[PDB]
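Below is target_27.tsv, which holds TSV, C-alpha atoms.
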```
chain	number	residue	atom	x	y	z
A	461	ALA	CA	17.77	95.14	118.64
A	462	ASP	CA	16.95	91.41	118.29
A	463	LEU	CA	15.67	90.19	114.92
A	464	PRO	CA	15.16	86.40	115.07
A	465	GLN	CA	16.06	84.16	112.13
A	466	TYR	CA	12.89	82.08	111.90
A	467	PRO	CA	13.81	80.11	108.72
A	468	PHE	CA	17.22	79.16	110.17
A	469	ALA	CA	17.74	76.42	112.72
A	470	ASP	CA	19.70	78.70	115.08
A	471	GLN	CA	18.27	82.19	115.59
A	472	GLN	CA	21.33	83.54	117.43
A	473	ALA	CA	23.78	82.22	114.83
A	474	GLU	CA	25.36	84.52	112.25
A	475	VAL	CA	23.69	83.23	109.09
A	476	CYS	CA	25.83	85.00	106.50
A	477	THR	CA	29.46	84.30	105.60
A	478	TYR	CA	31.00	87.27	103.80
A	479	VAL	CA	34.31	87.41	101.93
A	480	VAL	CA	35.69	90.87	101.18
A	481	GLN	CA	38.20	91.84	98.50
A	482	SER	CA	39.52	95.41	98.28
A	483	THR	CA	42.29	96.84	96.11
A	484	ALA	CA	43.33	100.48	96.42
A	485	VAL	CA	45.83	102.60	94.48
A	486	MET	CA	46.53	105.91	96.22
A	487	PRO	CA	48.98	108.43	94.76
A	488	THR	CA	50.64	110.08	97.76
A	489	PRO	CA	53.40	112.68	98.26
A	490	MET	CA	55.40	110.52	100.69
A	491	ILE	CA	59.12	110.42	100.01
A	492	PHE	CA	59.55	106.63	99.83
A	493	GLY	CA	63.28	106.88	100.36
A	494	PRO	CA	65.92	104.46	99.13
A	495	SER	CA	66.63	100.76	99.55
A	496	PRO	CA	69.97	99.95	101.26
A	497	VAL	CA	72.32	97.17	100.17
A	498	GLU	CA	73.87	94.21	101.95
A	499	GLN	CA	77.53	94.01	102.96
A	500	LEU	CA	80.01	91.86	101.03
A	501	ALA	CA	82.37	89.85	103.23
A	502	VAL	CA	85.11	89.99	100.58
A	503	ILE	CA	85.37	93.76	101.02
A	504	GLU	CA	86.91	94.76	104.38
A	505	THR	CA	88.31	91.19	104.54
A	506	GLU	CA	90.70	90.79	101.59
A	507	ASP	CA	91.15	94.57	101.17
A	508	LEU	CA	90.04	94.89	97.56
A	509	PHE	CA	89.99	98.69	97.87
A	510	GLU	CA	93.10	98.84	100.07
B	359	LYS	CA	123.61	114.80	66.45
B	360	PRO	CA	123.48	111.00	66.72
B	361	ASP	CA	120.37	108.90	67.26
B	362	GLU	CA	118.48	109.81	70.44
B	363	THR	CA	117.23	106.36	71.43
B	364	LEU	CA	117.59	104.57	74.75
B	365	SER	CA	119.61	101.37	75.11
B	366	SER	CA	119.87	100.79	78.88
B	367	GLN	CA	116.39	100.31	80.32
B	368	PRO	CA	114.89	97.24	82.04
B	369	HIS	CA	111.80	95.69	80.52
B	370	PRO	CA	108.83	96.86	82.63
B	371	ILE	CA	107.25	93.38	82.75
B	372	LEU	CA	110.05	90.84	82.23
B	373	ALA	CA	112.48	92.57	84.63
B	374	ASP	CA	110.02	92.49	87.56
B	375	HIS	CA	107.99	89.89	89.42
B	376	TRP	CA	104.99	88.37	87.64
B	377	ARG	CA	102.14	89.45	89.93
B	378	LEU	CA	98.37	89.70	89.50
B	379	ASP	CA	97.12	93.28	89.31
B	380	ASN	CA	94.22	94.45	91.48
B	381	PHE	CA	92.19	96.43	88.96
B	382	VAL	CA	89.64	97.58	91.55
B	383	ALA	CA	92.40	99.03	93.74
B	384	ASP	CA	94.13	100.65	90.75
B	385	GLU	CA	90.87	102.46	89.93
B	386	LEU	CA	91.15	104.25	93.29
B	387	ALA	CA	94.59	105.65	92.40
B	388	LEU	CA	94.67	109.26	91.18
B	389	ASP	CA	97.76	110.46	93.07
B	390	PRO	CA	101.36	110.90	91.88
B	391	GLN	CA	103.16	107.62	92.47
B	392	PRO	CA	106.96	107.53	92.83
B	393	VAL	CA	109.19	106.46	89.96
B	394	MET	CA	112.44	105.48	91.66
B	395	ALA	CA	115.73	104.97	89.88
B	396	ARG	CA	116.62	101.44	88.72
B	397	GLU	CA	113.36	101.64	86.71
B	398	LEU	CA	115.02	103.64	83.91
B	399	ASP	CA	118.43	102.01	83.39
B	400	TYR	CA	120.58	99.24	84.82
B	401	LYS	CA	123.64	101.53	85.01
B	402	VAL	CA	122.77	102.71	88.52
B	403	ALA	CA	124.99	102.87	91.59
B	404	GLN	CA	124.04	101.13	94.83
B	405	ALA	CA	122.92	104.30	96.60
B	406	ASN	CA	121.02	105.81	93.66
B	407	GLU	CA	118.58	102.88	93.37
B	408	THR	CA	116.32	104.12	96.18
B	409	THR	CA	116.41	107.76	95.07
```

Show this structure as structure tokens.
Amino acid sequence: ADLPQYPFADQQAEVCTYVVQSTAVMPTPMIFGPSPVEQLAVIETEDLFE
Amino acid sequence: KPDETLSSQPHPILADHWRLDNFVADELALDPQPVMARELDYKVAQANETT
């Protein structure tokens, strides 16, 4: 449960410094429905469609 | 028969106001619009213009 780090100055310190890098591509059956659109102030203001 | 050609008819563009058309609105127009008298000839009585 307690393995000392004799060669290191601090035994209780976390000697390592890890950097992870993961990339995953996962085909899935989720719907991924549509992307809405913003509203134009000109429409409903100047009555382009009347 | 004589020649069947019109002589009394206002010019569609030059006899009316010069106004800017709204093309977007005209796209959403698929209904029968009225064609009132006074658009076919200038020999129209006062009352018949609105008909």

* Asked: So which residues touch range 503-510 of chain A within 7 Å, counting all atoms listed in the file, skipping near sequence neighbours fewer than 3 positions away, as a list in words?
  ->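 That gives residues 500 of chain A; 382 and 383 of chain B.
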
* **B:379, B:384, B:389, B:399 ranked by distance to residue 367 in chain B, top pick (using all atoms listed in the file)** => B:399

* Structure fact -> From CA of residue 396 in chain B to CA of residue 368 in chain B the spacing works out at 8.1 Å

* **Interatomic distance, CA of residue 378 in chain B to CA of residue 390 in chain B (Å, one decimal)** => 21.5 Å

Selection: 10 Å around residue 473 in chain A, only C-alpha atoms, excl. self and same-chain fewer than 5 positions, as a JSON list (two decimals) with C-alpha atoms, in the frame of the given file:
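Final file, result.json:
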```
[["chain", "number", "residue", "atom", "x", "y", "z"],
["A", 464, "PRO", "CA", 15.16, 86.40, 115.07],
["A", 465, "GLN", "CA", 16.06, 84.16, 112.13],
["A", 468, "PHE", "CA", 17.22, 79.16, 110.17]]
```

* To do: Kindly indicate which residue among B:363, B:376, B:386, B:371 lies nearest to chain A, using all atoms listed in the file for the distances.
  =>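 So, comparing all the options, the nearest one is B:386.
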
* **Polymer residues at most 9 Å from residue 407 in chain B, all atoms listed in the file, same-chain spacing of 4 or more positions, as an NGL selection string** => :B and (394-397 or 402-403)

* Between CA of residue 362 in chain B and CA of residue 398 in chain B, what is the spacing in Å? ->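 That distance, rounded to one decimal, is 15.2 Å.
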
Could you rebuild range 364-376 of chain B with N, CA, C and O atoms and give it back as a JSON list (two decimals), in the frame of the given file?
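Output file rebuild-v5.json follows:
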```
[["chain", "number", "residue", "atom", "x", "y", "z"],
["B", 364, "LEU", "N", 117.07, 105.20, 73.55],
["B", 364, "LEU", "CA", 117.59, 104.57, 74.75],
["B", 364, "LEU", "C", 118.08, 103.16, 74.44],
["B", 364, "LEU", "O", 117.59, 102.49, 73.53],
["B", 365, "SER", "N", 119.06, 102.71, 75.22],
["B", 365, "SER", "CA", 119.61, 101.37, 75.11],
["B", 365, "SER", "C", 119.68, 100.64, 76.44],
["B", 365, "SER", "O", 119.63, 99.41, 76.47],
["B", 366, "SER", "N", 119.79, 101.38, 77.55],
["B", 366, "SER", "CA", 119.87, 100.79, 78.88],
["B", 366, "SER", "C", 118.58, 101.10, 79.63],
["B", 366, "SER", "O", 118.44, 102.17, 80.24],
["B", 367, "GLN", "N", 117.64, 100.16, 79.59],
["B", 367, "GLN", "CA", 116.39, 100.31, 80.32],
["B", 367, "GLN", "C", 115.76, 98.94, 80.55],
["B", 367, "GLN", "O", 115.52, 98.20, 79.59],
["B", 368, "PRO", "N", 115.49, 98.55, 81.80],
["B", 368, "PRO", "CA", 114.89, 97.24, 82.04],
["B", 368, "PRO", "C", 113.49, 97.14, 81.44],
["B", 368, "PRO", "O", 112.76, 98.12, 81.36],
["B", 369, "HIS", "N", 113.14, 95.93, 81.03],
["B", 369, "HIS", "CA", 111.80, 95.69, 80.52],
["B", 369, "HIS", "C", 110.80, 95.83, 81.65],
["B", 369, "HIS", "O", 110.97, 95.20, 82.70],
["B", 370, "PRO", "N", 109.74, 96.63, 81.49],
["B", 370, "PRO", "CA", 108.83, 96.86, 82.63],
["B", 370, "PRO", "C", 108.21, 95.59, 83.18],
["B", 370, "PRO", "O", 107.96, 95.51, 84.39],
["B", 371, "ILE", "N", 107.96, 94.59, 82.34],
["B", 371, "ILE", "CA", 107.25, 93.38, 82.75],
["B", 371, "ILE", "C", 108.22, 92.23, 83.03],
["B", 371, "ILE", "O", 108.12, 91.56, 84.05],
["B", 372, "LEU", "N", 109.17, 91.99, 82.12],
["B", 372, "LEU", "CA", 110.05, 90.84, 82.23],
["B", 372, "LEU", "C", 111.20, 91.05, 83.20],
["B", 372, "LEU", "O", 111.88, 90.08, 83.55],
["B", 373, "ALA", "N", 111.44, 92.28, 83.65],
["B", 373, "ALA", "CA", 112.48, 92.57, 84.63],
["B", 373, "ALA", "C", 111.94, 92.66, 86.05],
["B", 373, "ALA", "O", 112.71, 92.96, 86.97],
["B", 374, "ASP", "N", 110.65, 92.41, 86.25],
["B", 374, "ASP", "CA", 110.02, 92.49, 87.56],
["B", 374, "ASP", "C", 109.22, 91.22, 87.81],
["B", 374, "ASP", "O", 109.02, 90.39, 86.91],
["B", 375, "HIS", "N", 108.75, 91.07, 89.05],
["B", 375, "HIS", "CA", 107.99, 89.89, 89.42],
["B", 375, "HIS", "C", 106.68, 89.82, 88.65],
["B", 375, "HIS", "O", 106.06, 90.85, 88.36],
["B", 376, "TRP", "N", 106.26, 88.60, 88.33],
["B", 376, "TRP", "CA", 104.99, 88.37, 87.64],
["B", 376, "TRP", "C", 103.90, 88.27, 88.71],
["B", 376, "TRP", "O", 103.73, 87.23, 89.35]]
```
